[PDB]
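S.K.: A structural model of the following input is requested.
(4 chains, ligands or ions: 60)
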Amino acid sequence: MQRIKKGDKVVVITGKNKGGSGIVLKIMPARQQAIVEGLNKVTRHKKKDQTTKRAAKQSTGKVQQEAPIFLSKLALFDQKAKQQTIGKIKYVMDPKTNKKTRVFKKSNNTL
RNA sequence: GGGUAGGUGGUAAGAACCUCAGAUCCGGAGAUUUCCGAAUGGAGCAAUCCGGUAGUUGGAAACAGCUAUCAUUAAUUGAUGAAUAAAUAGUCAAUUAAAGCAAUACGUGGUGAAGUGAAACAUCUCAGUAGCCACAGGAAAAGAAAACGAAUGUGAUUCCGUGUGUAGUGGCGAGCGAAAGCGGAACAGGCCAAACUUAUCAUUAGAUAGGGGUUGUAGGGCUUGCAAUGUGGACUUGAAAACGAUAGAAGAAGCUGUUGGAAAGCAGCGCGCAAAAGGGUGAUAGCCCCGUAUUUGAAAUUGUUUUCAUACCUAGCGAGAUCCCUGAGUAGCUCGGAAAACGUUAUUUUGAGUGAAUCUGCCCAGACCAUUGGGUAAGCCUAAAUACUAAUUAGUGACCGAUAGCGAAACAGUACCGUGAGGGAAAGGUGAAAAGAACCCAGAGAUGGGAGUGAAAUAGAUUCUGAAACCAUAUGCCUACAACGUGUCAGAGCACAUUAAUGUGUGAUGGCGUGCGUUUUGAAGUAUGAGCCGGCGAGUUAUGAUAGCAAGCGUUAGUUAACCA
RNA sequence: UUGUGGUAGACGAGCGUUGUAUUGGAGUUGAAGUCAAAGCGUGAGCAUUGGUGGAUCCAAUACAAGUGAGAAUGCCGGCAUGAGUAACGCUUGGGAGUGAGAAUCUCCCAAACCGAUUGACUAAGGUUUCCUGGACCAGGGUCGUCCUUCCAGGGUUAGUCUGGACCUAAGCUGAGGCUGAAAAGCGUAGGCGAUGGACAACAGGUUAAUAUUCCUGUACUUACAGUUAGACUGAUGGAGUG
RNA sequence: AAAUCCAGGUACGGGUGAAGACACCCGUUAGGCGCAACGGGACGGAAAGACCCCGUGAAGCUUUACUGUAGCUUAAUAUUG
Ligand SMILES: [Mg+2]
Ligand SMILES: [Mg+2]
Ligand SMILES: [Mg+2]
Ligand SMILES: [Mg+2]
Ligand SMILES: [Mg+2]
Ligand SMILES: [Mg+2]
Ligand SMILES: [Mg+2]
Ligand SMILES: [Mg+2]
Ligand SMILES: [Mg+2]
Ligand SMILES: [Mg+2]
Ligand SMILES: [Mg+2]
Ligand SMILES: [Mg+2]
Ligand SMILES: [Mg+2]
Ligand SMILES: [Mg+2]
Ligand SMILES: [Mg+2]
Ligand SMILES: [Mg+2]
Ligand SMILES: [Mg+2]
Ligand SMILES: [Mg+2]
Ligand SMILES: [Mg+2]
Ligand SMILES: [Mg+2]
Ligand SMILES: [Mg+2]
Ligand SMILES: [Mg+2]
Ligand SMILES: [Mg+2]
Ligand SMILES: [Mg+2]
Ligand SMILES: [Mg+2]
Ligand SMILES: [Mg+2]
Ligand SMILES: [Mg+2]
Ligand SMILES: [Mg+2]
Ligand SMILES: [Mg+2]
Ligand SMILES: [Mg+2]
Ligand SMILES: [Mg+2]
Ligand SMILES: [Mg+2]
Ligand SMILES: [Mg+2]
Ligand SMILES: [Mg+2]
Ligand SMILES: [Mg+2]
Ligand SMILES: [Mg+2]
Ligand SMILES: [Mg+2]
Ligand SMILES: [Mg+2]
Ligand SMILES: [Mg+2]
Ligand SMILES: [Mg+2]
Ligand SMILES: [Mg+2]
Ligand SMILES: [Mg+2]
Ligand SMILES: [Mg+2]
Ligand SMILES: [Mg+2]
Ligand SMILES: [Mg+2]
Ligand SMILES: [Mg+2]
Ligand SMILES: [Mg+2]
Ligand SMILES: [Mg+2]
Ligand SMILES: [Mg+2]
Ligand SMILES: [Mg+2]
Ligand SMILES: [Mg+2]
Ligand SMILES: [Mg+2]
Ligand SMILES: [Mg+2]
Ligand SMILES: [Mg+2]
Ligand SMILES: [Mg+2]
Ligand SMILES: [Mg+2]
Ligand SMILES: [Mg+2]
Ligand SMILES: [Mg+2]
Ligand SMILES: [Mg+2]
Ligand SMILES: [Mg+2]
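M.R.: Residues are numbered from 1 along each chain as shown, chains lettered A, B, ... in the order given. Ligands and ions are numbered 1, 2, ... in the order given. Have a look at this structure:
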């Protein structure tokens, strides 16, 4: 399975942004990146191009979007625990459904 | 089958979809596989053209779709059948194999030079090398003594060390150079012909298909008995098991503060280890991530080994007879060549000619004869150790790091050159992240100057660092009566202030002064080589000999080579 | 105390580069590289500071070398000198327009050369160079708003034309076969091979680009089937013509 | 653009010198820098002299040079009575 999936809450443990909590919107496995909403906001200088029916307007000024972040800098966020903390996960297989599930190693919380 | 939550190959954003009834992706097994090309229906200027035959569907037929088949050679079988009665030649049909390619590499065989050396050259060497051709194989070749060879000897072949640069062979010149023996790697021996016998061929068999046999301290057959039912194979089918190969699963351990754009660096306090190999993460991370040590797992295909059964092959010691068999245009010999270290010679081989004997036999022990001894030619097959790497997996390097390393880090045998064979380049790096510069000004625009992002824009796509030659700008000094290898020793004036040093920059003027390498008796040279700058560019390696120095071991010393771990 | 010029040459002692092995050390508070300066050594050489640069490097003792560049009419790359010099490879003037910019682009009027040709149709070859619009990185021996250059789109219509589905010449290939160490050479029957032979379409119009091809008009030729009438049909071979 | 180019700030007379000097010795002359000319010199440039000699160099050709050989011719022997 994968350490980080599309949807789970995640934070950053290195860089200028420390303790930045967000939801992963998209994962590129090949480039080992991850788009997390609200984090790594870059503002491309949006030019103007008019060669299509939609390009006739293409209103784009200082649109701030999301820049991808290396998957190593991401860490899963705990929610079930009363005191939330950042830890590592296991890949135990519970015989109830025989499906692999991530479980933290500093607690006993699933996913 | 594995495996998930993403995917629709790269320059690549966007549009539109697919995907949790399990996608994309990885592995095993299959399906489809246009045309040229051995190309093989016929042709042809390769990727084109023109068909025949037998089916089937439309048409009223020509015709048009959709299928299968149609080359040549060799072998077997059957049919037909000339000159010419029979019979062959030939013709036709059916079945089975062959064609070709590549691994710039190893094997075998045929053919086979020259440059060069001998300080010339012809014998010789180079060299049975290059090249040309044929046939393979996963290796090939060789192979079980008519042997070595001098002994109370060894007992297929192959490969390594030594014997040794020895015996020898050489216009006895340049050179060439074994075979024994010894030490090792591996080890395996089998099977036909003839006798004798069985059955069948107008049985003129002298032919076909079986039993019997495979030799040297001779063997086998003929007749007559004892003992045997085993051990082992280079061996067929199956069944079972084990070890693997082709995807994978799990896989421990960290926070705080400081400089910093960013920590993983630094410091403090800790933790894990059968994991401190490696890669990435904004700098230099055992504990951030992927992994690694370790434990594991295969539906399907495939490799090795073992066990059981099952085919095939595989078996000893006597007696008598005194009879038969033991590989012929063969061994020898003569005339021309060659192979072996030998430049032809005892041994091996052959183009021409001739030509034997049959265990009281034949060959050999460097001409040859006799004695002694060794071995059984003229038939075949043979694993292992040995040679090599185009390719697949893992990994290593006192190997290279864009003039280096493969010619080719990029889309390189490309661009390009030549009718053709053939020849054959250069060219890598923005930033952590494109956040690739919206917007304003000048301009026609590219572009430039600001703004903005960024730690850095003198990192801006001309994109890591940016040297010299070369071209321009400027502070300071000098220079327009001056004979100059352009410098050196003195020396005013001018302008500054340093790796603080009897300082630095320029140099009115005085004295002296014909470059650097090469090759020459002798070069400023009217001898030669260099336009300048930068990179590259020429005493090495392997095997031996001598001598100097030093160390280890020493007076029945010293030291191993191959090979094994 | 005696000495210390020196080529060929002999001997001895050292420096420097890259990497490896052992020790220690420095580095985003800035390493290598790289530039400058008024330093230290007997020599190869070695430091200090500052600028640029952005991640490795240094000292000691040993070891191994693709280990030292000024010359080879040396190789490669760059840049000078000659020198803004020679040369720019046969053809004039003006008006109007476009354009930011015009001797060079567009149109018009002349002018000058070709006129058995610089005119028109095609074979061979070339392979999109053809037409339209746009552009002025590069190429055009100047310029350029323009080009045979570049970008985007488009363009080649056959029963009768040129060649196959027809035929052969020189010649090539060639089952069998002959010859030859091998590869192969020769060659019969067959099969290819035009630059030749046989074969049915002419006139006009149309698009920016095609036209005996598309359109209009009028024709012709060869096959197959049905049908009507007549006739016995007569080749893979012989002969004539070709 | 081009060949060329050791660096140049590149006079003349007599002498000297590797024997014919822009550069040496002794004298004379000459303000700095161009442009258009013409070729005296720079033993000017282009071509590692083709003439000559040397090399125990190469190649082509010749012959009663040497050694061989294709081919031609003669004999023995086998096919061969
Ligand atoms: Mg599946
Ligand atoms: Mg010779
Ligand atoms: Mg010689
Ligand atoms: Mg010689
Ligand atoms: Mg064999
Ligand atoms: Mg895993
Ligand atoms: Mg882990
Ligand atoms: Mg690390
Ligand atoms: Mg003999
Ligand atoms: Mg020999
Ligand atoms: Mg005997
Ligand atoms: Mg003897
Ligand atoms: Mg015998
Ligand atoms: Mg290269
Ligand atoms: Mg380069
Ligand atoms: Mg070409
Ligand atoms: Mg800028
Ligand atoms: Mg540049
Ligand atoms: Mg740069
Ligand atoms: Mg003056
Ligand atoms: Mg005067
Ligand atoms: Mg004077
Ligand atoms: Mg003077
Ligand atoms: Mg002076
Ligand atoms: Mg002087
Ligand atoms: Mg020198
Ligand atoms: Mg001389
Ligand atoms: Mg002389
Ligand atoms: Mg001179
Ligand atoms: Mg001369
Ligand atoms: Mg010379
Ligand atoms: Mg010169
Ligand atoms: Mg140089
Ligand atoms: Mg010694
Ligand atoms: Mg001396
Ligand atoms: Mg070192
Ligand atoms: Mg520095
Ligand atoms: Mg070198
Ligand atoms: Mg030049
Ligand atoms: Mg110039
Ligand atoms: Mg001039
Ligand atoms: Mg002139
Ligand atoms: Mg002129
Ligand atoms: Mg002209
Ligand atoms: Mg003119
Ligand atoms: Mg006229
Ligand atoms: Mg014309
Ligand atoms: Mg073109
Ligand atoms: Mg046009
Ligand atoms: Mg145009
Ligand atoms: Mg121009
Ligand atoms: Mg028509
Ligand atoms: Mg034809
Ligand atoms: Mg014709
Ligand atoms: Mg036309
Ligand atoms: Mg004199
Ligand atoms: Mg000469
Ligand atoms: Mg000679
Ligand atoms: Mg010679
Ligand atoms: Mg004769």
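S.K.: hey, let's count contacts and neighbours off CA atoms from now on
M.R.: Noted.
S.K.: next, the buried residues of stretch A:64-77.
M.R.: Of the residues in stretch A:64-77, A:66-69, A:71, A:74-77 count as buried by neighbour count, 16 or more other CA atoms under 10 Å.
S.K.: distance of residue A:17 from RNA strand B?
M.R.: Residue A:17 is 6 Å from RNA strand B, where distance means CA to the nearest atom of the strand, to the nearest Å.
S.K.: so who does that residue touch?
M.R.: The neighbours of residue A:17, taking CA atoms under 8 Å, 6 or more residues apart in numbering as the test, are residue A:39.
S.K.: likewise the one 3 residues further on?
M.R.: Contacts of residue A:20 were listed using CA under 8 Å, 6+ apart, and they are A:10-12, A:39.
S.K.: so which of the buried residues of stretch A:64-77 are in strands?
M.R.: A:69, A:74-76 (DSSP state E).
S.K.: identify the farthest-apart pair in those.
M.R.: A:69 and A:76 (14.1 Å; CA to CA).
S.K.: what subset of the ones in strands among the buried residues of stretch A:64-77 is also close to RNA strand B?
M.R.: The residues of those that also fall near RNA strand B, by CA under 7 Å from any atom of the strand, are A:74-75.
S.K.: spatially central residue in chain A, please.
M.R.: With distances taken as CA atoms, centre = their mean, residue A:24 lies nearest the centre of chain A, 2.7 Å away.
S.K.: quick check: that one is in a helix.
M.R.: No - assignment of residue A:24 by DSSP: H, G, I helix; E, B strand; the rest coil gives strand, placing it outside any helix.
S.K.: identify the residues contacting the nearest residue to it once chain neighbours are set aside.
M.R.: Using CA to CA, 6 or more residues apart in numbering and skipping the chain neighbours, the partner closest in space to residue A:24 is residue A:36 (4.3 Å). Contact analysis of residue A:36 by CA under 8 Å, 6+ apart lists A:10, A:22-26, A:66, A:68-69.
S.K.: that concludes my questions; thank you for your assistance.
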